[PDB]
Structures are given as C-alpha cells and as structure tokens.
file upload.cif (mmCIF, C-alpha atoms and all ligand atoms)
data_input
#
loop_
_atom_site.label_atom_id
_atom_site.label_comp_id
_atom_site.auth_asym_id
_atom_site.auth_seq_id
_atom_site.Cartn_x
_atom_site.Cartn_y
_atom_site.Cartn_z
CA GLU D 228 141.92 6.73 48.51
CA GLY D 229 141.64 9.96 46.49
CA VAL D 230 143.56 12.19 44.07
CA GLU D 231 145.10 15.69 44.30
CA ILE D 232 144.64 17.61 41.07
CA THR D 233 146.55 20.73 40.11
CA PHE D 234 145.06 23.36 37.85
CA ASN D 235 146.78 26.27 36.11
CA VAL D 236 145.03 29.65 36.56
CA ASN D 237 145.27 32.46 33.96
CA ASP D 238 147.11 35.63 35.16
CA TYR D 239 148.13 34.00 38.43
CA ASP D 240 151.67 33.09 39.57
CA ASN D 241 150.61 30.10 41.68
CA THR D 242 148.67 26.97 40.73
CA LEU D 243 145.34 25.81 42.15
CA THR D 244 145.28 22.44 43.84
CA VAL D 245 142.17 20.40 44.64
CA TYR D 246 141.53 17.08 46.39
CA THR D 247 138.75 14.73 45.31
CA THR D 248 137.60 11.17 45.99
CA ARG D 249 135.61 11.27 42.78
CA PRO D 250 138.14 11.65 39.92
CA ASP D 251 135.71 9.59 37.85
CA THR D 252 133.51 12.67 37.64
CA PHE D 253 136.41 14.93 36.64
CA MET D 254 135.16 15.54 33.09
CA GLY D 255 132.03 17.09 34.60
CA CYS D 256 133.93 19.69 36.60
CA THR D 257 132.48 23.05 35.51
CA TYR D 258 134.05 25.36 38.10
CA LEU D 259 136.36 25.53 41.09
CA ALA D 260 135.49 26.79 44.58
CA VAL D 261 138.15 28.19 46.89
CA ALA D 262 137.91 29.05 50.56
CA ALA D 263 137.49 32.76 51.35
CA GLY D 264 140.89 32.72 53.07
CA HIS D 265 142.70 31.18 50.08
CA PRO D 266 145.66 33.11 48.55
CA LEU D 267 143.95 33.21 45.12
CA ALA D 268 140.88 34.61 46.82
CA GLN D 269 142.66 37.63 48.35
CA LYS D 270 144.89 38.28 45.32
CA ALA D 271 141.55 38.86 43.53
CA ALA D 272 140.00 40.86 46.38
CA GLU D 273 142.72 43.42 45.59
CA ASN D 274 140.71 44.69 42.60
CA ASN D 275 137.29 43.59 43.93
CA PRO D 276 135.30 45.21 46.76
CA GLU D 277 132.40 42.70 46.53
CA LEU D 278 134.92 39.98 47.39
CA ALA D 279 136.28 42.11 50.24
CA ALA D 280 132.81 42.27 51.80
CA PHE D 281 132.27 38.53 51.28
CA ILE D 282 135.68 37.53 52.73
CA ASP D 283 134.94 39.74 55.78
CA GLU D 284 131.43 38.33 56.24
CA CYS D 285 133.04 34.90 56.05
CA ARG D 286 135.82 35.68 58.60
CA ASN D 287 132.91 36.15 60.99
CA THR D 288 130.85 33.05 60.33
CA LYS D 289 132.84 30.17 61.75
CA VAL D 290 131.06 27.67 59.47
CA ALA D 291 131.09 24.07 60.65
CA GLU D 292 131.42 21.21 58.17
CA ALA D 293 128.53 19.48 59.97
CA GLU D 294 126.21 22.51 59.87
CA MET D 295 126.61 22.85 56.12
CA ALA D 296 123.59 21.09 54.67
CA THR D 297 121.74 23.64 56.87
CA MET D 298 123.53 26.94 56.10
CA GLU D 299 122.73 29.15 53.12
CA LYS D 300 125.46 28.69 50.55
CA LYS D 301 127.03 31.93 49.37
CA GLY D 302 129.86 32.74 47.00
CA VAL D 303 131.33 35.27 44.60
CA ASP D 304 133.07 35.03 41.23
CA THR D 305 136.81 35.66 41.70
CA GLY D 306 137.28 36.73 38.11
CA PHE D 307 140.05 34.15 37.68
CA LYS D 308 139.68 31.35 35.12
CA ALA D 309 141.26 27.91 35.61
CA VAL D 310 142.20 25.54 32.77
CA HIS D 311 140.76 22.02 32.90
CA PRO D 312 143.82 19.83 32.31
CA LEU D 313 142.03 17.11 30.31
CA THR D 314 139.54 19.30 28.52
CA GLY D 315 141.66 22.39 27.94
CA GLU D 316 138.61 24.64 28.32
CA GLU D 317 138.27 27.48 30.86
CA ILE D 318 136.34 27.18 34.12
CA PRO D 319 135.52 29.95 36.62
CA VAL D 320 137.04 29.97 40.08
CA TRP D 321 134.51 31.08 42.72
CA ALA D 322 135.04 31.80 46.39
CA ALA D 323 132.50 29.97 48.50
CA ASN D 324 131.52 29.95 52.16
CA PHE D 325 131.29 26.15 52.22
CA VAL D 326 134.97 25.62 51.41
CA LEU D 327 137.32 25.84 54.41
CA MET D 328 141.11 26.20 54.69
CA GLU D 329 141.62 24.29 57.96
CA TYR D 330 141.19 20.87 56.33
CA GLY D 331 142.18 20.05 52.74
CA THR D 332 143.79 22.39 50.20
CA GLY D 333 141.08 25.01 50.66
CA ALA D 334 139.91 24.48 47.10
CA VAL D 335 137.46 21.94 45.69
CA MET D 336 136.70 20.82 42.13
CA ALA D 337 133.00 20.91 41.53
CA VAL D 338 130.78 18.62 39.50
CA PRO D 339 127.27 20.01 39.95
CA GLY D 340 125.99 17.29 37.64
CA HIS D 341 126.73 14.67 40.33
CA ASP D 342 127.30 16.25 43.77
CA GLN D 343 124.30 17.75 45.59
CA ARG D 344 126.13 20.64 47.27
CA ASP D 345 127.76 21.44 43.91
CA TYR D 346 124.34 21.35 42.15
CA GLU D 347 122.68 23.68 44.67
CA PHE D 348 125.55 26.24 44.42
CA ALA D 349 125.58 26.17 40.63
CA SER D 350 121.79 26.43 40.44
CA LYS D 351 121.81 29.59 42.50
CA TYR D 352 124.60 31.23 40.51
CA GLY D 353 123.69 30.16 36.96
CA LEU D 354 126.84 27.99 36.71
CA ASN D 355 127.10 25.15 34.17
CA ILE D 356 125.69 21.72 35.05
CA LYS D 357 127.48 18.99 33.05
CA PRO D 358 126.28 15.38 33.02
CA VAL D 359 129.02 12.74 32.92
CA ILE D 360 127.50 9.65 34.61
CA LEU D 361 124.62 7.58 33.21
CA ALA D 362 121.53 6.55 35.12
CA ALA D 363 121.41 2.95 36.37
CA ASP D 364 119.03 2.00 33.58
CA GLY D 365 121.68 3.28 31.13
CA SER D 366 119.77 6.44 30.14
CA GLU D 367 120.75 10.09 30.32
CA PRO D 368 120.42 11.45 33.87
CA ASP D 369 117.50 13.83 34.58
CA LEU D 370 119.22 16.96 35.91
CA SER D 371 116.21 19.27 35.76
CA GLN D 372 115.57 19.14 39.52
CA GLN D 373 118.59 17.55 41.27
CA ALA D 374 122.01 15.96 40.83
CA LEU D 375 122.43 12.30 39.94
CA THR D 376 124.38 11.05 42.92
CA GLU D 377 124.79 7.36 41.96
CA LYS D 378 128.14 5.93 40.80
CA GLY D 379 128.06 4.62 37.23
CA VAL D 380 129.11 4.41 33.58
CA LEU D 381 130.69 7.57 32.16
CA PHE D 382 129.41 9.34 29.10
CA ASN D 383 130.16 12.77 27.64
CA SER D 384 133.60 12.22 29.18
CA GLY D 385 135.69 11.93 26.00
CA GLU D 386 138.18 9.10 26.05
CA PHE D 387 136.76 7.79 29.34
CA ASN D 388 133.34 7.19 27.83
CA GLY D 389 131.89 3.80 28.60
CA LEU D 390 134.00 3.01 31.66
CA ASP D 391 132.25 1.76 34.82
CA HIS D 392 133.08 3.56 38.07
CA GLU D 393 136.18 1.69 39.20
CA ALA D 394 137.67 1.82 35.69
CA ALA D 395 136.93 5.54 35.31
CA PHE D 396 138.48 6.30 38.69
CA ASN D 397 141.76 4.65 37.72
CA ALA D 398 141.77 5.74 34.09
CA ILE D 399 141.35 9.39 35.08
CA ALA D 400 143.72 9.11 38.06
CA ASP D 401 146.38 7.49 35.88
CA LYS D 402 145.94 10.08 33.14
CA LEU D 403 146.39 13.06 35.42
CA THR D 404 149.33 11.30 37.10
CA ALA D 405 151.11 10.62 33.79
CA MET D 406 150.42 14.25 32.89
CA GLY D 407 152.23 15.26 36.10
CA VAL D 408 149.16 17.14 37.25
CA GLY D 409 147.58 14.56 39.56
CA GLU D 410 148.62 12.47 42.53
CA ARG D 411 147.01 9.46 44.24
CA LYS D 412 146.60 9.50 48.04
CA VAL D 413 146.50 6.36 50.23
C1 LIG Z 501 130.70 14.23 42.58
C2 LIG Z 501 131.48 14.68 43.81
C3 LIG Z 501 132.08 16.07 43.61
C4 LIG Z 501 133.01 15.97 42.40
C5 LIG Z 501 132.71 16.70 44.88
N1 LIG Z 501 132.90 18.14 44.72
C6 LIG Z 501 134.06 16.13 45.23
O1 LIG Z 501 135.03 16.50 44.54
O2 LIG Z 501 134.16 15.33 46.21
#
call {"tool": "encode", "arguments": {"input": "upload.cif", "output": "structure tokens", "more": "lines below"}}
Ligand SMILES: CC[C@H](C)[C@H](N)C(=O)O
result
Amino acid sequence: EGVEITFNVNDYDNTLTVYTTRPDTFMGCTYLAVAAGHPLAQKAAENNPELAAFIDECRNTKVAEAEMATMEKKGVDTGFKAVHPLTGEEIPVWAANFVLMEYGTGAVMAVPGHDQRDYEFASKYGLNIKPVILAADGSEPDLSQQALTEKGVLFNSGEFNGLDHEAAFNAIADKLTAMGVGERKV
C-alpha cells in the first residue's frame, strides 16, 4: 500500500509523478530526485552541459538497487522547480544516480528529515532538511547528525499536525486524492 503523487513543474509541459509508501512524511519533502534517463532530466540537459556529463557517466554505471548503500551518491540540479501541492512552495528537482527508471516512475519525493538516503544526499548538496515527525519521547528530532527514521506523530506539517502515523498516512493520502493529485495503490 502506497500513493502516487503528481507534481506540477514550472516551465515544463509534462507533470512529475512520484511513488511513496510514506505519504505521512509528505510535508517534509524538500526536493524531488529524478532518474538520469527521465524525460525531465534530458529536457534540462538541453541547456546544461554539466547534466550531459552526469547523464553519460550514469548511462555507464549500471547501478544496482542492492549495491546502493555502498555506492557514492551523486546528482546535479536540473534547474527545474516543482510545486508542492499541499504547501504551494517551490522545491528543486535534482537528477540523482540512485533513482532508476526500470522500476517505479523514475522519480522519488525526498524527505531528508526522515529517510537516511535522502538525508545523506541533501547533506552533501546543501539541500533543505525539514523535520515533520516527532521523537518517540514527544520531543523535536535531533537532525544534526542523521535522519529520524522512526514512524510517529507529525508536527510542522500544517493541518496534519498531531496525527499519529496511521492517521497521517490516510489524512495526507485522502487530501491528495480529493485534490486529484494523488492515488492510492493496493
Ligand atoms: C521517509 C521516506 C522517504 C519519504 C522516501 N524517499 C520515500 O518516499 O519512500
């Protein structure tokens, strides 16, 4: 059980679509990461040589999902900005070597505040780390060294503040659904 979420991207004729099994974290999404072979990625490589080198480097490294906690994560700003449906604010789209096309939509929503891969990528590239889940003792999570991975009560998540994990999941899934931007998957 997960949700597909569809973002609008400024100066781009298509939409961006992500899949996540953690919609409860959605208010902590601070950027999007697309696979180097994603249509958005090449449309931006058109006016970007750095991206052209990266996409080529990537077309070489057949990265394996299972070898990923081992490989050096690498990525490049696509220049495109996506609009967070609930928040309305702008979030960078990056192209990353750890996102593949073969399985999924080829784009992931990232919450560095609460996914370890997301934290490590955002640390390296000075991307924003937003806390949205509270520590088990009900305090603010310590995000100075690593991501808080635990499931828990949302804060700093606007209307979804105070919901435990299973409530958050549904409340955010239902919102994005009713907004015609999200879709549950069995
Ligand atoms: C906290 C988990 C994060 C959001 C991860 N990128 C996912 O969407 O599965």
call {"tool": "closest_residue", "arguments": {"input": "upload.cif", "among": "D:304, D:367, D:240, D:292", "to": "residue 352 of chain D", "atoms": "only C-alpha atoms"}}
result
D:304
call {"tool": "axis_aligned_box", "arguments": {"input": "upload.cif", "around": "segment 399-404 of chain D", "padding_each_side": "8 Å", "output": "lines of an AutoDock Vina configuration file"}}
result
center_x = 145.3
center_y = 10.3
center_z = 35.6
size_x = 24.0
size_y = 21.6
size_z = 20.9
call {"tool": "residues_around", "arguments": {"input": "upload.cif", "residues": "residue 256 of chain D", "least_positions_apart": "5", "cutoff": "9 Å", "atoms": "only C-alpha atoms", "output": "MDAnalysis selection string"}}
result
chainID D and resid 311 318 336:340 356:357
call {"tool": "write_last_selection", "arguments": {"input": "upload.cif", "atoms": "C-alpha atoms", "output": "tab-separated table (two decimals), keeping the file's coordinate frame"}}
result
chain	number	residue	atom	x	y	z
D	311	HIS	CA	140.76	22.02	32.90
D	318	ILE	CA	136.34	27.18	34.12
D	336	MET	CA	136.70	20.82	42.13
D	337	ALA	CA	133.00	20.91	41.53
D	338	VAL	CA	130.78	18.62	39.50
D	339	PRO	CA	127.27	20.01	39.95
D	340	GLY	CA	125.99	17.29	37.64
D	356	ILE	CA	125.69	21.72	35.05
D	357	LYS	CA	127.48	18.99	33.05
call {"tool": "closest_residue", "arguments": {"input": "upload.cif", "among": "D:408, D:390, D:320, D:360", "to": "residue 334 of chain D", "atoms": "only C-alpha atoms"}}
result
D:320
call {"tool": "closest_atom_pairs", "arguments": {"input": "upload.cif", "of": "chain D", "to": "ligand LIG 501 (chain Z)", "cutoff": "9 Å", "atoms": "only C-alpha atoms and all ligand atoms", "output": "CSV"}}
result
residue,atom,partner,partner_atom,distance
D:245,CA,Z:LIG501,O1,8.1
D:246,CA,Z:LIG501,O1,6.8
D:247,CA,Z:LIG501,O1,4.2
D:248,CA,Z:LIG501,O2,5.4
D:249,CA,Z:LIG501,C4,5.4
D:250,CA,Z:LIG501,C4,7.2
D:251,CA,Z:LIG501,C4,8.3
D:252,CA,Z:LIG501,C4,5.8
D:253,CA,Z:LIG501,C4,6.8
D:255,CA,Z:LIG501,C4,7.9
D:256,CA,Z:LIG501,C4,7.0
D:259,CA,Z:LIG501,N1,8.9
D:335,CA,Z:LIG501,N1,6.0
D:336,CA,Z:LIG501,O1,5.2
D:337,CA,Z:LIG501,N1,4.2
D:338,CA,Z:LIG501,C4,4.5
D:339,CA,Z:LIG501,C3,7.2
D:340,CA,Z:LIG501,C1,7.5
D:341,CA,Z:LIG501,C1,4.6
D:342,CA,Z:LIG501,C1,4.1
D:343,CA,Z:LIG501,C1,7.9
D:344,CA,Z:LIG501,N1,7.7
D:345,CA,Z:LIG501,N1,6.2
D:375,CA,Z:LIG501,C1,8.9
D:376,CA,Z:LIG501,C1,7.1
D:378,CA,Z:LIG501,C1,8.9
call {"tool": "residues_around", "arguments": {"input": "upload.cif", "residues": "residue 351 of chain D", "least_positions_apart": "2", "cutoff": "12 Å", "atoms": "only C-alpha atoms", "output": "PyMOL selection string"}}
result
chain D and resi 299-303+339+344-349+353-356
call {"tool": "atom_distance", "arguments": {"input": "upload.cif", "atom1": "atom CA of residue 383 of chain D", "atom2": "atom CA of residue 316 of chain D"}}
result
14.6 Å
call {"tool": "atom_distance", "arguments": {"input": "upload.cif", "atom1": "atom CA of residue 324 of chain D", "atom2": "atom CA of residue 373 of chain D"}}
result
21.0 Å
call {"tool": "closest_residue", "arguments": {"input": "upload.cif", "among": "D:271, D:328, D:307, D:361", "to": "residue 289 of chain D", "atoms": "all atoms listed in the file"}}
result
D:328
call {"tool": "closest_residue", "arguments": {"input": "upload.cif", "among": "D:374, D:359, D:230, D:262", "to": "residue 387 of chain D", "atoms": "only C-alpha atoms"}}
result
D:359
call {"tool": "closest_residue", "arguments": {"input": "upload.cif", "among": "D:395, D:272, D:261, D:293", "to": "residue 323 of chain D", "atoms": "all atoms listed in the file"}}
result
D:261
call {"tool": "closest_residue", "arguments": {"input": "upload.cif", "among": "D:392, D:270, D:402, D:412", "to": "residue 380 of chain D", "atoms": "only C-alpha atoms"}}
result
D:392
call {"tool": "atom_distance", "arguments": {"input": "upload.cif", "atom1": "atom CA of residue 278 of chain D", "atom2": "atom CA of residue 305 of chain D"}}
result
7.4 Å
call {"tool": "residues_around", "arguments": {"input": "upload.cif", "residues": "residue 315 of chain D", "least_positions_apart": "6", "cutoff": "12 Å", "atoms": "all atoms listed in the file", "output": "PyMOL selection string"}}
result
chain D and resi 234-236+254+256-257+308-309
call {"tool": "write_last_selection", "arguments": {"input": "upload.cif", "atoms": "C-alpha atoms", "output": "mmCIF file, in the frame of the given file"}}
result
data_model
loop_
_atom_site.group_PDB
_atom_site.id
_atom_site.type_symbol
_atom_site.label_atom_id
_atom_site.label_comp_id
_atom_site.auth_asym_id
_atom_site.auth_seq_id
_atom_site.Cartn_x
_atom_site.Cartn_y
_atom_site.Cartn_z
ATOM 1 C CA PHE D 234 145.060 23.360 37.850
ATOM 2 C CA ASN D 235 146.780 26.270 36.110
ATOM 3 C CA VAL D 236 145.030 29.650 36.560
ATOM 4 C CA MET D 254 135.160 15.540 33.090
ATOM 5 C CA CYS D 256 133.930 19.690 36.600
ATOM 6 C CA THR D 257 132.480 23.050 35.510
ATOM 7 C CA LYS D 308 139.680 31.350 35.120
ATOM 8 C CA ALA D 309 141.260 27.910 35.610
#
call {"tool": "residues_around", "arguments": {"input": "upload.cif", "residues": "residue 404 of chain D", "least_positions_apart": "6", "cutoff": "10 Å", "atoms": "only C-alpha atoms", "output": "CSV table (one decimal) with C-alpha atoms, keeping the file's coordinate frame"}}
result
chain,number,residue,atom,x,y,z
D,230,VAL,CA,143.6,12.2,44.1
D,231,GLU,CA,145.1,15.7,44.3
D,232,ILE,CA,144.6,17.6,41.1
D,398,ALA,CA,141.8,5.7,34.1
D,410,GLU,CA,148.6,12.5,42.5
D,411,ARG,CA,147.0,9.5,44.2
call {"tool": "residues_around", "arguments": {"input": "upload.cif", "residues": "residue 291 of chain D", "least_positions_apart": "5", "cutoff": "10 Å", "atoms": "all atoms listed in the file", "output": "MDAnalysis selection string"}}
result
chainID D and resid 298 325 327
call {"tool": "write_last_selection", "arguments": {"input": "upload.cif", "atoms": "C-alpha atoms", "output": "mmCIF file, keeping the file's coordinate frame"}}
result
data_model
loop_
_atom_site.group_PDB
_atom_site.id
_atom_site.type_symbol
_atom_site.label_atom_id
_atom_site.label_comp_id
_atom_site.auth_asym_id
_atom_site.auth_seq_id
_atom_site.Cartn_x
_atom_site.Cartn_y
_atom_site.Cartn_z
ATOM 1 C CA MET D 298 123.530 26.940 56.100
ATOM 2 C CA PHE D 325 131.290 26.150 52.220
ATOM 3 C CA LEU D 327 137.320 25.840 54.410
#
